[PDB]
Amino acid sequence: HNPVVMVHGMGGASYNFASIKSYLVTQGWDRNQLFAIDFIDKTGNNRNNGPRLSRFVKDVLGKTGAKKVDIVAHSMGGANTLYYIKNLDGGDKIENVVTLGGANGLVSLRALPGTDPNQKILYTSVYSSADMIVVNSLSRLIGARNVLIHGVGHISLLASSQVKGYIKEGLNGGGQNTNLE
């Protein structure tokens, strides 16, 4: 497995991912390869969070020696991740992306393939018809594996067993990117 970088949303914190971390450890990920960022700007502005994410990923690669990271992102964390890929230095550093209720369309409505010609970035976008915070048209990405679930609220995306199964599938290479390179 690649190291996993977990990216919180507006008003969030690294401890938002505590239950997802516990799940992944019981499914075979090493606790020492799971990394969750804490942004300073809790309002989610890309001009702050994009560069902070860039440096965090650089640090993770430097301390693990991995070639690429995988990303799990919640709400505005999805937009921050896409900004890093689109405008900054993330195009060749990411393999698998999973967004949970992502506010992705504030940056892109396309699953951006990145810049490694040997390997397109693969995406799973999970969103819920019961999400009262992020409308689903912001979460769906053309070219991704888009997964619509029902009955789970925006915060419960971080606890739901059904959501965790899709995270596992995405981190094991089960996302998609059917866009052109």
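All residue numbers refer to positions in the sequence shown, first residue = 1.
- If you average the C-alpha B-factors over 141-149 and over 115-123, the higher value belongs to 115-123.
- Comparing 125-133 with 26-34, the higher mean C-alpha B-factor in the PDB entry belongs to 26-34.
- The entry assigns its greatest Cα B factor, within the set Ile71, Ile85, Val107, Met76, to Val107.
- The entry lists a Cα temperature factor for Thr43 that places it in the middle third of the chain's modelled residues.
- When the modelled residues of the chain are ordered by C-alpha B-factor, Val57 sits in the lowest third.
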